[PDB]
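# Fold and geometry: a report
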Amino acid sequence: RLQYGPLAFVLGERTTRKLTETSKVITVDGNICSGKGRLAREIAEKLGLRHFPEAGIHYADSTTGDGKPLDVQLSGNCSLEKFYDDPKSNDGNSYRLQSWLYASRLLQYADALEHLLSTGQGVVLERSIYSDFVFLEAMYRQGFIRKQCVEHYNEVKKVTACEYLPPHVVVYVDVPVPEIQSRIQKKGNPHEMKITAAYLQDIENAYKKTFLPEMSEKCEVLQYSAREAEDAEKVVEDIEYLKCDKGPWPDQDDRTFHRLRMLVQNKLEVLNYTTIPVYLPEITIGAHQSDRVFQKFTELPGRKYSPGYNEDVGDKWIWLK
Amino acid sequence: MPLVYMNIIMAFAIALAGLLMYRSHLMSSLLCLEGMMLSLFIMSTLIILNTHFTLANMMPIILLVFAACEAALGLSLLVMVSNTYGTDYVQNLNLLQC
Amino acid sequence: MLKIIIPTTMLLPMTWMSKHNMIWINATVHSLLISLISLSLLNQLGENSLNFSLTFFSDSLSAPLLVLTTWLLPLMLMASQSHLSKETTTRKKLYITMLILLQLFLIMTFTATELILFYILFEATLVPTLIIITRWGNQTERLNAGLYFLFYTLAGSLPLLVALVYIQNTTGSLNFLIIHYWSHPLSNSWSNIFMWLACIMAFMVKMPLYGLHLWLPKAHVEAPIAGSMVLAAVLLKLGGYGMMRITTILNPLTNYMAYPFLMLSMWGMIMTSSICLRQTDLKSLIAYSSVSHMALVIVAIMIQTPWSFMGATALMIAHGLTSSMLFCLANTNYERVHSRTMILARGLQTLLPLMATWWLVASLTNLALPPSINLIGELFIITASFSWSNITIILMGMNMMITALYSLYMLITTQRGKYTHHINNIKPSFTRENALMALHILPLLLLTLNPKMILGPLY
Amino acid sequence: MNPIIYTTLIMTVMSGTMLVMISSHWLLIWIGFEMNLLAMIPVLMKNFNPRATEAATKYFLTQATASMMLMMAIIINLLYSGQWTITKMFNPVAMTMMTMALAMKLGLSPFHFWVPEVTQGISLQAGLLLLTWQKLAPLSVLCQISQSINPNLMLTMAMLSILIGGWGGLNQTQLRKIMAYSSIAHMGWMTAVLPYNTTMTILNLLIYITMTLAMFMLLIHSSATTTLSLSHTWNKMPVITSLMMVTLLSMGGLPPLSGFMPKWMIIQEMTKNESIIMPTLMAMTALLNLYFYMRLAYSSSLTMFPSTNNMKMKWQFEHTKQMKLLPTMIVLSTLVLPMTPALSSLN
Amino acid sequence: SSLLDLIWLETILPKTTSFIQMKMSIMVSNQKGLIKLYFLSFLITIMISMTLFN
Amino acid sequence: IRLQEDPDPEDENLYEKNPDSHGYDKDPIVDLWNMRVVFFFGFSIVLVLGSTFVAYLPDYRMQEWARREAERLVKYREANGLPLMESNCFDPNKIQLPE
Amino acid sequence: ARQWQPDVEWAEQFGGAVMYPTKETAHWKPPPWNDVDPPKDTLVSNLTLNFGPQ
Amino acid sequence: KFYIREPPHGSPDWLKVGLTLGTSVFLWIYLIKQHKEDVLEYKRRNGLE
Ligand SMILES: CCCCCCCCCCCCCCCCCC(=O)OC[C@H](COP(=O)(O)OCCN)OC(=O)CCCCCCCCCCCCCCCCC
Ligand SMILES: Nc1ncnc2c1ncn2[C@@H]1O[C@H](COP(=O)(O)OP(=O)(O)O)[C@@H](O)[C@H]1O
């Protein structure tokens, strides 16, 4: 043992034995600038679950090396502020941002599943890979991205998200678009103040017409308004009194759980199909730029060698490690 | 050699030609594969009984055992192919190319 | 020979362990020291070779080639440090490693005492060269050039391997001394004809022979400066050395089998000189000049007289030095203007005086100008060919005239005339470039002073 | 599939091969073949998908036909001699049946199609085990029965194998199909030298196994199954591409790499027996294998193909699983030419 | 330069050989992956090896 | 565009930062010492020392030995009336021709 | 002023189903990324039976 | 502490280090003893010393 694998499995570590029937995956969803973050915080703290804030850019930075984020040129090469300012850029920033955000959400979902399977403690994600496509549809129907971008996104999403268990609970916070705009104006951030009304309507249409009907068949779906979402006590009470046996989690066994844990503990296999040789001009990076940026990344302080073997960050006994 | 051995060897050759020439069904090929081992069984027992090789009389039984092991393997593969495609046709096994 | 082999295998860890800014200094200094040490091999005997051990031996034919290789390594280092300034430290060290490996393989190739060990080493020299070309070349055609070079050489050399193992099974040994002492005449039969063909064709492709030479322009044009320097200076001499070695056992069949190769070599010498007359690319012009000179060397080896072998060795050394110098000069011009076209840059004599002097000296040596060793070798080959037949003088005279024509045409086009008006980035010549040209040219004149050191064993 | 079931199936495959290699009885050899095939099918079908199912179906059909022909040869040999011991076969018809059956098991031409098809169908681990072990066993049988092999038939099949491997590898782009055609060519070389020196056959087998293990494990490490997927590896782990380049050069037979030693020794041995045309043709035809190795090497290491944007996240993460004996395989497949006279120890 | 070097010396040795190898490779690797077809091929090979090799 | 590619960088001139540049390295000290070691070792050591060493290499080719031997043989043979150049390399008494 | 490196044109040359495409091979398509083909819409066609009236 | 997560190879596995050093030392001393025994047996069999 000493590391999960086939040896640990034949020794007898079993996920079903580890779980305590309170191990649930709960994902909170909503339109832009809703109370989903605070609702997720409340649910995670009341149920004793681990909270996962929405995976923006630099989530991979937060989970690797030191927690501090990296330069945007080295982590993402995309800008949400620039997307708000000039959505129809000529450098493909919109779809670069969308693909990077999908990869980050996939990585966060893998981390959450690994934590749940290795600990048995439930997790509350502020968004999942199953809700990421709504922003893609909003971009596409507004003309920000292209049909080729949509097709590449669909291919990667297929071959990646087909291998993971869906959330137990999907909590959707329904807020009207004018209220969304009023809250955005009150917040006062200029970049999100540049958001148009047609963009916000497309996200709501994608949630209502595709995501909620799709996830209603799998397991339980709970919808709340702003007032209902404000009172998190009733939401946690509703979660605690959910009866469901039609999900894939009951159908899972120890062998399937072993396979899933082996998949999710290996982050490079998680991201394996995120870099497929589909040469969209938006995401494709030339040989010279790739070489220069990779050289810079290796020149980063604790990135040249493996984590235990970086002398400049204060690792000793390297000659015996 | 008597004509009996000639007939048994001819039957084996006919069964071998049947297997190598598919028509539509994979099941018919499995039947041809089972016939080849029947001919091998008959030939081996005819040879052993004629020379009074007493200890070799257990060989045809082992032949039968591994014959039906192969038949079991073929039936399992056939059910998986049928589950995938709807029919046991050999034309559907064309995804991989040389 | 271990006193020369081991310091190269120590150049390897030193290069990989030195600091990021000391790699060029260390490699250059210790390569020069190794060259100085290898100068001691020129003290040869008049009777036999220098038999160091059962594995390595040195002769009057091997010694100058080893000295040329060891002297050529630091010059390649200087040119490489010119054009690889922005490379990463690991890739610089890999480049130096490829150069060091190539030098080690060449040294062991020239000093090998068995034909099979010679084959293994002279085929091992392809890997560093191919990696260098197809990895650090500038243009797109480097991949096709590497493929052409590799497959020409291997298609030539595989029948040589079969013939060598057959000869060992037949006679008992591939040791050069044994096969020289136990040599027997080769009867005129189809089997002997095809054995002769296998060996000779391997080395003729390596030479190259006219009609088997396209890989040479492809590879020399598209390789980096170090690759071009080693390809012309040394790697073309493996074919000549091999032919001067293997023809011990191919007599008397060489008297009858040499006609197609002699006709090909003479006519192709004329043809490649004429091609040089009408070339729009400077590197291609230099490459075809190399083809012409090696065709002359092939003629010398095939006629196979004591006066021709001395000429062959002298011409090989002289061509190595001259072609290396010409490639370096063309590369300096290319680094100025980032193009290989000959008529793009002109007036370089009024913009760069000392480089004009270097161009003049190199072009004068490229044609046979007395008393240079180029002329010594060419004159010996011409005299032996005249004793062979009396129309070879006609062909050689035509070749000399065209050689002078294209050499002086290249000089006049690049240096004389009026400067191109819009080319305003021609900075003054670097001390490094001037020192490189000096180190190319001074040893050639010293060899002219002492010519018995490069005339081979037949002297 | 449960880990215990997988390891017992692997143990059963190895037990079948060992039974083949230790048995002195034809019935026990056939039993070993049957056990190997029976335990090998689920290993192919481990990762369930229609391609794996089709590959396993084709593999089963081919191997079952070969086993039927082999048992027919055994029975025919018993008919004319009454001997069960595996020695020189006493009937030429039985020997021809046995030779064709073992060639079909090995994948020698014209029985080669199933090799690229199955290799493309199955995963990288399954392909590695398939190539290595399933070449290992029938070659042992052939070495035992070598002295009665028809040289004409064996050399014809070997030369066909070399030619077909070269041409198929020329056309292919998928890495698994490239490896399959490489395997076909190497099997051709081994069986070509088989009727003369089983020691040289074993040496070629060992060098081929080492090179194939190194190459397949590098592909598993980089998670590349196509050429373009392998073209992105320079931007994540450039060392793997360098090692793959030197291994590819070794597999092409370039000196002084380890892949030159089997070709050299085989040519020498064949020339000792007054074979010249066959060694020359075999040596010249390997240039096709070298061409598609070089074409694969241009994309991976010697040139830099465009990369994507998520490669930055891949940079941020580190490889977890450690390949066993990968450095040893890489060293043994490139730097063992000076240790050539150990083939006498292998004798 | 044009007629001989760039055209005919290219056509005779390297171009013709490359074209032949490419055509043969296309012929060999252009298979539909049908067990019926290559098992019929196996039958033909068995018949030929039985009859022509004695 | 079809890629996110860097613009082609401008040519870097060593004379701009370092007017007295030898063209070896960007760092002035490393460049100066590279020039010094190259010039010293190459020109001085290799050129001068190797040239004088080659000039004064011992006469191992036996040129002067052969000349002295030929002088002695010519003197002896013309003193005794023998031909200066012997007609045969070997001894016909020791050579046995076929019947 | 910089060394040439492969671009999308070169990569797309190397990214087909096979090298040297023909008509049939161009009709062919590269395999799926994870080797899992999309499932086919086979019809179950359950047996329909009249249970009664006789 | 620099890494947000403890690296798996944070500190040397002293069990593995001790096993590695012990295995190397055992193999070396065994090889020396085997060579000495081989030399003695060769000399005894050939009647040299
Ligand atoms: C006959 C035995 C064959 C090998 C059996 C074991 C194979 C699996 C183990 C090696 C895995 C790959 C190497 C890298 C391991 C990295 C993990 C690590 O830290 O390993 C530490 C380990 C030493 O730990 P320790 O347990 O002490 O090992 C000796 C046994 N007590 O350090 C190592 O393991 C590294 C050194 C391993 C030994 C040298 C490499 C193997 C080859 C031995 C020589 C034979 C060469 C020819 C091989 C083919 C022909 C037999
Ligand atoms: N797939 C996506 N594409 C573009 N922008 C996204 C995507 N996912 C999230 N974002 C941005 O990230 C931010 C998420 O925060 P938000 O949903 O507003 O919650 P909060 O109100 O707590 O900030 C939003 O500004 C949204 O525009």
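Cut-offs applied
Numbers given for residues start from 1 on each chain and follow the written sequence, which can depart from the numbering in the entry; residues without coordinates are excluded. Both sets of labels track the order of writing: A upward for chains, 1 upward for ligands. Note that the chains on view sit within a larger assembly, with every value limited to the chains on view. Processing note: side-chain calculations cover all non-hydrogen atoms of the structure and skip hydrogens and water entirely. Secondary structure counts use DSSP, requiring at least four H or I residues in a row for a helix and at least two E residues in a row for a strand, with both numbered from the N terminus. The buried label applies to any residue whose accessible area, calculated with a 1.4 Å probe on protein chains only, is under 20% of its type's maximum; exposed applies above 50%, and partly exposed to all values in between. Two residue types count as positive, namely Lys and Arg, and two as negative, namely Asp and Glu; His and chain ends fall outside the count. Throughout, a charge is located at the NZ atom of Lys, the CZ atom of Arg, the CG atom of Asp or the CD atom of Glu. Residues count as neighbours in contact if any of their non-hydrogen atoms are within 4.5 Å of one another. In these tables, accessible area is a Shrake-Rupley quantity obtained with a 1.4 Å probe, and a residue counts as shielded only by the protein chains included in the view. When we say a residue is near a molecule or strand, we mean one of its heavy atoms is within 4 Å of it. Under this definition, polar contacts are N or O atom pairs within 3.5 Å; protein pairs additionally need one hydrogen-donor-capable and one acceptor-capable atom, and for neighbouring residues in sequence, both atoms have to be side-chain atoms. Residue type decides the class: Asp, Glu, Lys and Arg count as charged, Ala, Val, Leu, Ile, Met, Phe, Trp, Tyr, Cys and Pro as nonpolar, and the leftover types, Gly among them, as polar. Within this scheme a cavity is a closed region of a 1 Å grid, computed over the protein atoms alone, that accommodates a 1.4 Å probe without allowing it to escape, whereas a pocket is open but has protein on both sides within 12 Å along at least five of seven lines; lining residues each have an atom within 4 Å of a point. Grid points are joined across faces, edges and corners, and a volume is the space filled by probe spheres set on the points. Should DSSP find at least two bridges between two strands, the strands are taken to pair. Each axis is a line fitted through C-alpha atoms, and for a helix only the stretch in contact is used; angles between axes span 0 to 180 degrees, taken between their N-to-C directions. Accessible area that two parts lose when put together, evaluated with a 1.4 Å probe and summed over both, is termed the buried area. Note on definitions: salt bridges are taken to be side-chain nitrogens of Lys or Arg within 4 Å of carboxyl oxygens of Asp or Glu. In this description, a nonpolar core means a group of buried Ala, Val, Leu, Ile, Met, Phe, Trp, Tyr and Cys residues linked to one another through side-chain atoms lying within 4.5 Å. UniProt positions are given in the numbering used here, feature names are shortened, and annotations may be inferred rather than shown by experiment. Orientation is classified from the angle alone, with under 35 degrees giving roughly parallel, over 145 giving roughly antiparallel, 65 to 115 giving roughly perpendicular, and any other angle giving oblique. A crossing counts as left-handed when the near helix is turned anticlockwise from the far one by less than a right angle, and as right-handed when that turn is clockwise.

Regarding how it was determined, this PDB entry cites cryo-EM in its header, along with a resolution of 2.99 Å.

Bringing the overall build of chain F into the picture now. Regarding its fold elements, chain F presents 3 helices and 0 strands. Considering only C-alpha atoms, chain F reaches an extent of 90 × 45 × 15 Å along its principal axes. For chain F, the proportion of its 99 residues judged to be buried stands at 24%. Charge separation in chain F, taken as the distance between the mean sites of 11 positive and 19 negative side-chain charges, equals 14 Å.

Let's shift gears to the overall build of chain B. A tally of helices and strands in chain B yields 3 helices and 0 strands. Listing each helix as α and each strand as β along chain B from the N terminus yields α-α-α. For the C-alpha atoms alone, the extent of chain B along its principal axes is close to 50 × 25 × 25 Å. Within chain B, the proportion of its 98 residues that are buried is 43%. Intrachain contacts of chain B at a sequence separation of at least 6 include 54% that bridge at least 24 residues. Within the structure as shown, chain B displays about 4,900 Å² of accessible surface, and the carbon and sulfur contribution to it stands at 71%.

Near ligand 1, the surroundings consist of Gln322, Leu325 and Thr328 of chain D together with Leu19, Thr20 and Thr23 of chain H. Site remark: ligand 1 is flanked by residues from chains D and H. A distance of 3.1 Å separates an oxygen atom of ligand 1 from a polar backbone atom of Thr20 of chain H. In the complex, 31% of the free accessible area of ligand 1, which totals 1,100 Å², lies under the protein chains. Broken down by element, the shell around ligand 1 gets its largest block of residues, 3 residues, from helix α1 (residues 14-46) of chain H. Classifying every residue of the shell around ligand 1 gives 2 nonpolar, 4 polar and no charged.

Another point: the layout of surface pockets. Of the voids in this model, the second largest pocket is the one considered here, and its volume is about 1,400 Å³. Lining the second largest pocket are 38 residues; nearest its centre among them are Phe151 of chain C, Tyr291 of chain D together with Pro14, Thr17 and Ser18 of chain E. Elements represented by at least two residues in the lining of the second largest pocket include exactly α7 (142-171) and α9 (190-206) of chain C, α7 (151-171) and α13 (277-302) of chain D, α1 (4-29) of chain E together with α1 (8-14) of chain G. Residue contributions to the lining of the second largest pocket peak at 9 residues, all from α7 of chain C. Of the residues that constitute the lining of the second largest pocket, the class distribution is 27 nonpolar, 8 polar and 3 charged.

So, about the site of ligand 2. Residue and element names in this part refer to chain A. Taken together, the neighbourhood of ligand 2 is formed by 14 residues, with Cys33, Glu54, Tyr84, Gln98 and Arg105 sitting nearest. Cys33 has a polar backbone atom sitting 3.0 Å from an oxygen atom of ligand 2. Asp132 is positioned with one of its side-chain polar atoms (N or O) 3.4 Å from a nitrogen atom of ligand 2. Coverage of ligand 2 by the protein chains reaches 80% of its 560 Å² of free accessible surface. Where the shell around ligand 2 is concerned, the elements lending two or more residues are α5 (80-85), α6 (93-119) and α7 (133-141). Broken down by element, the shell around ligand 2 gets its largest block of residues, 3 residues, from α6. Looking at the shell around ligand 2 residue by residue, the classes come out as 7 nonpolar, 2 polar and 5 charged.

This part covers the sheet that holds strand β3 (residues 123-125) of chain A. Residue and element names in this part refer to chain A. Ordered in space as β2-β3-β1-β4-β5, the 5 strands form an open sheet in which the pairing is parallel. Of all the strands in the sheet, just β2 (50-52) and β5 (220-224) have a single pairing partner and so form its edges. Across the sheet, the axes of successive neighbouring strands diverge by a mean angle of 20°, strand direction being ignored. Note: β2 against β3, 3 bridges, orientation parallel. Residue pairing for β3: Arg50 is matched across the bridge by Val123. In the packing of helix α11 (residues 197-218) onto the sheet, contacts are made with β1 (25-30), β4 (169-173) and β5, and the angle to β4 comes to roughly 160°.

The subject of this paragraph is empty space enclosed by the protein. All names here are of chain D. What the rule picks out here adds up to 14 cavities of 30 Å³ or more. Approximately 190 Å³ is the volume found for the largest cavity. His186, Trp189, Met251, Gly259 and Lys263 are the residues nearest the centre of the largest cavity, which is lined by 15 residues in total. Put simply, the parts of the chain that give the lining of the largest cavity at least two residues each are α8 (175-193), α9 (198-222), α11 (238-251), α12 (260-272) and α13.

Contact residues are listed per partner, giving 38 residues for chain B and 42 residues for chain D. Between chain B and chain D the total buried area reaches about 3,600 Å² when both faces are included, carbon and sulfur atoms providing 82% of it. The largest share of the area that chain B buries against chain D comes from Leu77, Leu96 and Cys98 of chain B, three residues that together contribute 21% of it. Seen at the junction of chain B and chain D, the total is 0 salt bridges. With 12 residues, helix α3 (residues 59-85) of chain B is the largest single contributor of residues to the side of chain B that touches chain D.

Further remarks concern the arrangement of the chains. Separating chain B from chain C is a minimum C-alpha gap of 26 Å, and the two share no contact. The two partners chain C and chain H share no contact, and the minimum distance between any of their C-alpha atoms is 25 Å.

By size, the foremost hydrophobic cluster in this structure holds 382 residues, and its most contacted members are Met302 of chain C together with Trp30 and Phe60 of chain D. Not counting chain neighbours up to four residues away, the residues in contact with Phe60 of chain D comprise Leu30, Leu33, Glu70, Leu73, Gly74 and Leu77 of chain B together with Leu37 and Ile41 of chain D. Within the second largest apolar cluster, 92 residues are counted, among which are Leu165, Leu200, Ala206 and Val264 of chain A.

Now for the interface of chain C and chain E. When the parts of a complex come together, some accessible area is lost, and that lost area is often used as the size of the interface. Counting from both sides, the interface comprises 12 residues of chain C and, opposite them, 8 residues of chain E. Counting the surface chain C buries against chain E, the share from its top three residues, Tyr148, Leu214 and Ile275 of chain C, is 47%. Applying the counting criterion to the chain C and chain E interface returns 3 residue pairs in polar contact. Looking at the side of chain C that touches chain E residue by residue, the class counts come to 8 nonpolar, 3 polar and 1 charged.

Here we come to the pattern of salt bridges. Residues and elements named next belong to chain A. For the coordinates displayed, the defined rule picks out 41 salt bridges over all chains. For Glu42, the salt bridge is made with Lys46, and the minimal N-O distance between the two is 3.8 Å. You can see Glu42 and its partner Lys46 sitting in helix α3 (residues 36-47), 4 residues apart, about one turn around the helix. Exposure remark for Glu42: the relative accessible area of 26% places this residue in the partly exposed category.

This part is about the UniProt feature "transmembrane region" (unreviewed entry) in chain F. If you check UniProt for "transmembrane region" (unreviewed entry), the listed places come out as residues 37-58 of chain F in our numbering. Annotation note: span residues 37-58 of chain F, helix share 86%, strand share 0%, distance between end C-alpha atoms 30 Å.

This part takes up the pairing of β4 of chain A. Walk down a regular strand and you will see the side chains alternate between the two sheet faces. Residues and elements named next belong to chain A. Most of β4 is tucked away: 5 of the 5 residues are buried. Across the two faces of β4 the burial is the same, with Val169, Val171 and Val173 and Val170 and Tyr172 all buried. Looking at chain direction, β1 and β4 are connected through 5 bridges and run parallel. What sits directly across from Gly30, in β4, is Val173. In the sheet, β4 pairs with β5 via 5 bridges, with the strands oriented parallel. Bridge pairing in β5 links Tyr172 to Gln223.

With that settled, the discussion passes to the environment of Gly168 of chain D. Residues and elements named next belong to chain D. Summarising the element assignment, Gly168 is placed in helix α7. Residue class for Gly168 comes out buried when judged on its relative accessible area of 0%. As a C-alpha pair, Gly168 and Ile184 span 16 residues in sequence and 9.7 Å in three-dimensional space.

Further remarks concern the packing of helix α4 (residues 92-106) of chain D against α7 of chain D. Residue and element names in this part refer to chain D. It is the contact of α4 with α7, at a shortest axis distance of 11 Å, that shows an interaxial angle of 15°. With respect to α7, the axis of α4 lies roughly parallel. Crossing hand, α4 versus α7: right-handed. Listed contacts from α7 to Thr96, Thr99 and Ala103 of α4 are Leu153, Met154 and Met157. When its residues are assigned to classes, the contact of α4 with α7 shows 4 nonpolar, 2 polar and no charged.

Following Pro370 of chain C, the chain continues into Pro371 of chain C via a peptide bond in cis, with omega recorded as -5°. Take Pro371 of chain C: it is sitting in the loop between α18 (353-366) and α19 (373-388). In the segment running from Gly52 of chain G into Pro53 of chain G, the intervening peptide bond is cis, with an omega of 0°. Secondary-structure assignment places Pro53 of chain G in the segment after α2 (23-27). Its identity is not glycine, yet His52 of chain B carries a phi of approximately 55°, on the positive side. On the accessibility criterion, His52 of chain B (66% relative accessible area) is exposed. Positioned with a positive phi, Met62 of chain F is a non-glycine residue whose angle comes to about 60°. In this fold, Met62 of chain F is placed in the loop between α2 (28-55) and α3 (63-80).

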